[PDB]
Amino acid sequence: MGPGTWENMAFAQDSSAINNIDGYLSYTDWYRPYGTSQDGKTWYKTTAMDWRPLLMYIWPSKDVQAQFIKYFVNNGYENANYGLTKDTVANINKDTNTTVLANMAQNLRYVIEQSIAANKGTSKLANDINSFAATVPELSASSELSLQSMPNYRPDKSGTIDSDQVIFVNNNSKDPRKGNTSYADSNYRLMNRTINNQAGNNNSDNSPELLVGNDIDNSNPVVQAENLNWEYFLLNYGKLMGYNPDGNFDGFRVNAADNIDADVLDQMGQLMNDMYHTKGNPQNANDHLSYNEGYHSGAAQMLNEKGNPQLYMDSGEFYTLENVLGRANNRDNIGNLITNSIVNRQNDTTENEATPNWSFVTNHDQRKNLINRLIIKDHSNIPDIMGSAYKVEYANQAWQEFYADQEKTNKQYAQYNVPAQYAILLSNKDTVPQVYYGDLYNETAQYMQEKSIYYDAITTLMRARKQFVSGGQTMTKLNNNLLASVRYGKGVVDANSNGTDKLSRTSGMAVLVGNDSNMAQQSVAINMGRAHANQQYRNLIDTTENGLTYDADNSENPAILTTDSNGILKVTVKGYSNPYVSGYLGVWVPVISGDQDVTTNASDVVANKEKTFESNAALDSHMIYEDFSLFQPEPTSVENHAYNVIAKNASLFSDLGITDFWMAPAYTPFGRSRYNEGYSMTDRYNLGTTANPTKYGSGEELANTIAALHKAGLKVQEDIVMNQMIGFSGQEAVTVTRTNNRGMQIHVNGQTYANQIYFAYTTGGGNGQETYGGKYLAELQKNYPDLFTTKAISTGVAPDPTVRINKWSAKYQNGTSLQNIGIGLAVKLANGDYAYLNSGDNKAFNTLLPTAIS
């Protein structure tokens, strides 16, 4: 034919002229037409480089077409000679006559082609299309139906929106109005097999499958085998990488243990036991300490019934500390410190009975909640402030406000009684306490450059723990608002015991904590125990009008007090209000010369063939340290890499009694993630390189750091992250439904969507996944065949090592949190049929394209 408008057709019906996502078309994609024109008269053939946005030629509706014309004419594509002025476009809409809309749009292309020629390229055009798309709900985030759009929405301080989710469902339809995404089908996706609902018959926890990101299908047997591969890798990291051969993790902090199929917890425990013979051998289990993150108390029962392959996280203790000591006002009673925990500590004088647990005063999430609460307070007219309207500037402002508030007596945001919270945590029996990096150091400065105001107090408590803390515990109210927590010492079971150990006499501790700042002055009597009669005690910490003292400087008590013939210590006490104490804090330890370590070796405790972790004096001797913050800044040099700073300070951590070092998730971070912290990762096996370090450093430094920590006598755990990945660069056509965090369909302001093709980012994993994914499975099966014959609870089938995951995609994913791309990107014809390009391996339908590009 002669030249004309038919040259709007695609240059060819394949991926060389039409961009596509598994054969589907996107309105925001581009194609190569056969030719183009600036006037309707002369037509030039496209070269292979002359591509054009589909939105110049097709639209999801009349309405959107009218908006496209309106928008472009009002943003630099006005031309009176082609019937396109601000007026004339002024009142066109979906009810404008169809042939005048087509004609306006054809003339607009001529005007756009003049702009392209005038600007020698498509760059301005490309930005004008993106700006336009953002104004159209179905081509942008708002059609995804965020809960943030509800009227009078109150942002959540967590900084994630739980019920902003989509599930990936099966779709092998031949109906072109439904489409087909069968390559993302799964016979698994068993969702919410969490905690006690592992078998699908006990949802008393109601713990959600979905949190944030691309949620991984930990019910898929192939994925379960890949987690074993990943654990094995991390447990042998250094020698598998040819880096420091002693640079191998000893255990795991299990991220989101409440939000993944519980099979993987069983499986991790099984692996650890096969490799290291942990079950029934306290020495081995405790050398490979592992502990599960979670905020659901039902996990205690779950872990006990399983013989405790990991520690339970005692979140109730954390909330009790904050509600009793940490609020400004409406503090719960002091006695709640005794009872409101997974362990009652009123008179705890037995071993191997309590739920093996870890406890904390702060972690990175709790600091985050506080900073976000501040951000939300400071910027209250933005309902999507925790979503896409979040700005790092608001966090910086919040941190400036936080550090200032932390130093005050009358704190508006930061916690009260941080030292007293630690004094309780670090003396408690039947727990592995966890100290937070950000309570020892100003967490937004370069790594370990600035000590926190609480550094002196917490470190004093930490060193004293190693020296003195052991034996039975008794907590008792001295008055309605004041309590004494007493440890009786190594081999001293209870208040009536004489002591069975050479260190019995010179160990034990009394911690006095009150939470009423107006408490009247009074004398109090503390029962140190019958092993501690006529004994000198040092005033380790006492309260003053302005703060704390470590040498009894201007406190109510002297540097030494002495118990009577019954072992009673008499002490003066009162209410104070200063930056360190709102109420009272006092700590007493026996006088010694000089050095003492009450650590109970695991060889000397009762072993139980049915248990892995047991709560006894040997487990109690451990202390965990969380080495990171979410607000930890990017390093400014190799010397400031957290891994190098840590390696340099290895002996310090040992001196403080830390036995188990919790390292940040070390994985390659998604660059555009909010915090660059490692939970939002693109590669599970790349822990950074010299040229491209993570926030924390390179893999080579990590291995050296782990070896340095090992040389100082510590064990090291990795934050392992089975729940999600975030930052895939590969889009996939996936069939989805709008759900809450348990994958149940919901409405949002009366609207919803189900079984829709959505172009989710799902595919990736980096060269790490390509190289290391499933690499160790043949050897795991050779040495430990039981891993791949033990039938999982949730599925009824063993993990499957015959498939290697070299690349992640939707078929291994339960779904994703809303990706902020839009639910209407997928091109549909007038009749509702999905457009489809049959070409290559995309054979679901015959080629069906919009008539505009025929």
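One rule holds for the numbers: they count along the sequence shown, beginning at 1.
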Practice task
Would you tell me which stretch averages the higher CA B-factor in the PDB entry, 219-227 or 412-420?
Solution key: 412-420
Handout entry: Comparing 485-493 with 573-581, the one whose average Cα B-factor in the PDB entry is higher
Key = 573-581
Completion exercise
Listed options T355, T705, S637, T181: highest C-alpha B factor recorded at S637
Completion exercise
Residue set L311, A520, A664, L425, per-entry CA B-factor max assigned to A520
Practice task
Can you work out whether the C-alpha temperature factor of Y685 puts it in the lowest, middle or highest third of the chain?
Solution key: lowest
Problem - Position of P799 among the chain's modelled residues by C-alpha B-factor, lowest, middle or highest third - result: lowest
Exercise for the section: Going by the recorded CA B-factors, say which third of the chain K62 sits in, lowest, middle or highest. Expected result: highest
Fill in the blank from the handout: Tertile call for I823 (CA temperature factor, within chain, third-based) is the lowest
Problem - CA B-factor placement of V591, once the chain's modelled residues are sorted into thirds - result: highest
